Each structure stands twice: as C-alpha cells, then as structure tokens.
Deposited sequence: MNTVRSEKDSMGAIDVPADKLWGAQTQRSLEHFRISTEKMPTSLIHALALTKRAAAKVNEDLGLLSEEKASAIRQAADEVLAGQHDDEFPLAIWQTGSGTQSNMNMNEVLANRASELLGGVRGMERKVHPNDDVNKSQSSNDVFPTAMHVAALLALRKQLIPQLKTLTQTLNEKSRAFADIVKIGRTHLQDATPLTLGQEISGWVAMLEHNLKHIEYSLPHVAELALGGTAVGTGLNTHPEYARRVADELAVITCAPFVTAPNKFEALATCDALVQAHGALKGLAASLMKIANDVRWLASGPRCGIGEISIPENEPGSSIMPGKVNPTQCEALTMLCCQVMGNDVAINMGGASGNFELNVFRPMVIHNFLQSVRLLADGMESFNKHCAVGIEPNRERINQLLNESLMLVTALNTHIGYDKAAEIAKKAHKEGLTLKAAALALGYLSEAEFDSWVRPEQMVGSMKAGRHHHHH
C-alpha cells in the first residue's frame, strides 16, 4: 500500500505505511538500521508478546491498568502468539544493543491493535498508548532480557530435549539388536581388538544421555527473569510485588518453572545464563559431530571404503549412496561452534549497569537450538531408524584381519602366535593360511580356537 499514515514521537512526525500496525519509532529504526537481512526470530517475538501479556495481567491486578485496556492488550498479544502479525516486526538484529527498538516495535503494534479492539483507530488518536499503557512498569532494559530467557527456556524444553530423547531411544534399540554382532575395533584409524556393533553404538547412547544431564543442569539459571529491575536494576518506578507476580504469571501461562532473578544487577549487566547454557550446546555439537562421522565412515563405499553398515538412501554409480543427512548434521555442528564464539565475545563485553550486545547473543543462541533440534529430528527419521549391518562385509573384515591372533596364545604360546602373525603380514596371508603353512595347528583346531565371540 502506497498510502501513508502520519505518526509521531519526541523527534517529530514520520510517514508509516497505512496498512501497518507499527508506529513512529519502528519506522525511524527501519530507516536507520538497514544492515543485512537478519531480523528477530519468531520465537523471540512470541516470547516478547508473552512478556507484555503477563505484565498487563499483573498491572491489572495491582490496579495500575484499567481492566478494559489490560484486556485488549492481552487479546492483541494472543493474536501475535497465534501468528497473525508476523509481518509487523521488520527490524534487523543489528540495532541498539539493548533491544529497545524491538521493545518499542512490540509496544506500538500492541497499542495500535488494542486500540482497534476497543473500537478505536490506529495512529495518533489511538485509545491505547505504546509507552504509557503497554510499557507500563517496564523498561527495555529488563523486558528484552526477560523475553530472551522465556524464548531460550521454552525452546530448550519443547524443541531440543524431546528430539534428543527420541534419538537416544532409536540408537538404544539398535544397540540391543546388534549386541551379538562382532566387528573389528579401530584405534588411531588402525585395525584393533574386536567389540560388538551393539557395544560401539552403546557408546553413542551414553554420549547422548550424558549430554541431556548437562543441558538439564543449565536450565535453572535461564529460568531466572530480569523483569522488575527496570532501568538499572533497582526496580525504581515499580510496585514491590511486581517482580514476583509477573514471574508467577509467566510460569503459569507457560507451565515452565520461571522465577524472578535473585539479583537484578547480574541479570541486566550480563548474559551469563546464556553463555553457560550455550556451553552445553557446543558440547552436544561436538558429540553429534563424532556420531555423524562414525556413521558416514562406517557406511563408506560401497566397494572401496569400510562398508560395515548401510544407511537409508533418500535421494536419486549404483551403490553410491551419499550420506547427506550426516553432511547436514556435521555442517550445523560447525555453525554452533562459531556461534559460541560470537556469544562469548558479546557476553564478555558488558559495561556497568547494562550489557548492550543482546540482539546478537539471542540471535546466535536460538539459531543453535533450532539447528540442533531439527538436525537430530532429521538425522533420526531419515537415517538412524534405518541403520542396518552388512553382516557379510563385517565377517569378511574380521577374518582378513591379523587382530584375532590373540586367541591362539592360550593354546600354542605367545612366540608361535607372533610368528604366525608376522608371516601372514609379510606375505599377505590370512592368519589361518599362515598357521597351516607353518603346520602349527589343523584347520579344525583354528576354527575351534579362534572364536571372536569371546573377545
């Protein structure tokens, strides 16, 4: 729509497209911060709407906001949650480090919309006001950090963790199914002593189980909300019960154990909870990177690699099955690693009463959660559930190796056993062929003595 609406702020008037619900401040920011293409994540936008919804409910309970106004604001917030106004937040991540502009973005949209809901109009003659009504008892300084934690905790609880558990179950079922399949071990990439495929996979299972605990340990710090600390953390210009009540409200509407932060100065001055929580995520990325690599190397071939297992072929050189899911997973694991560095830099750069590197920090954090969650979900259903053993190749490899020589020690002594191994190695023979050439035992004795199942 070409038609504009004249909206204004302390700096004056500015034209805002008529079909949009934002106001003067969002328009100015739009024209001043034309940097790249990254905008606030949908999850962050919703967490912000949830924050305003809770504040309005509590402001009402405290008699600070009229029931009518509070009711409309709450109704407008739910529409945002319903995903009806995704197009009303055009601001880039690269704005003021406090997230003030996005706070104002939400205030203007909620104000203009709540006004219409009350039978009013959008624009300067709106019935609900961005700062006076919607931002009542708040500050960008304590609101943005709160929305960050709400977004982060819910994402971890509802997206990441469930997917992690499902992948663990799948690998655990595989572990039990292949418990009896003996394969050759590999250390330093070299052939080594045997272990079952089930045991190898149990290592992957334990890794995921350990990661889950680590992620759980990071949750209580992210559950702490800054809301109530206002501008510098003192809680100036607020009702004494506000901080506790708004945290209770959020906990109630989300069903998550949110608590108000015991120290508001630590909550406004840093992003410590997220720096620590992301530390657990980069650990999960390192574990996943290893599991994904093991899978693609074990399935390499089909003739000139390892080929001990086969994985589902999902896309359209006969046996050339590219391990694409493994490639998407390893690539996103590198991304999480780099995201951690950007986060550490921003988290270490707070000054005095406020950390102004917030948009960037939350941008990287929510991206890593999405990547890890969707990545495991994709890897699980498009690869993990269909992992199968190439029993013939496995056995071929086992019998061609020199590692089974240890089974002969108790029967013929170390010296003769090592002699057999050396001969087979220098001459390019199998352990059996060498043993028989030397005449140290009969083929029947070899077949009875070398049982890989007793490794």
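No alpha-carbon coordinates exist for the deposited sequence positions 317-320, 460-472, given here in order along the chain.
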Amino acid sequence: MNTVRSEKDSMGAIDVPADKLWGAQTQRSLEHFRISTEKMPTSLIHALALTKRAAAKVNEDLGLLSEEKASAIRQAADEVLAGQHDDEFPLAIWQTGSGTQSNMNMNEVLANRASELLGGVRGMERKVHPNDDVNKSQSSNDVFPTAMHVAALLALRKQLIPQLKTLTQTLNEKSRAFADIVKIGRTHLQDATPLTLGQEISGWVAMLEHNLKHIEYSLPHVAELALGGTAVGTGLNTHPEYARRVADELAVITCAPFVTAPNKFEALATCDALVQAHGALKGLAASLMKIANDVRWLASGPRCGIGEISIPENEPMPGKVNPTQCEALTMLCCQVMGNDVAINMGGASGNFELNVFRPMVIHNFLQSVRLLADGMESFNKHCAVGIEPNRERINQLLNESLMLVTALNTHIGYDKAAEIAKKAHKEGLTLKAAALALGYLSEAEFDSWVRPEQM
From here on, numbers count along this sequence of modelled residues.
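C-alpha atoms forming the largest set that superposes within 1.5 Å between two forms make up the rigid core.
The stretch that moves more in 4 other deposited structures of this protein, judged by CA deviation after a rigid core superposition and choosing between 423-431 and 39-47, is 423-431. Relative to one another, 357-365 and 82-90 have unequal mean CA B-factors, and 82-90 is the one with the higher figure. Here the stretch with the larger average CA B-factor, out of 283-291 and 71-79, is 71-79.
Highest CA B-factor among 46, 34, 39, 411, as stated in the entry: 411.
For the set 314, 196, 270, 263, the PDB entry assigns the largest Cα B-factor to 314. Among all modelled residues in its chain, residue 238 ranks in the highest third by Cα B-factor.
In the PDB entry, residue 251 places in the highest third of its chain by CA B-factor. Residue 232: CA B factor in the middle third of modelled residues in this chain (values from the PDB entry). In this PDB entry, the Cα temperature factor of residue 132 sits in the top third of its chain's modelled residues, the highest group.
Looking at the C-alpha B-factors along this chain, the one for residue 123 belongs to the middle third.
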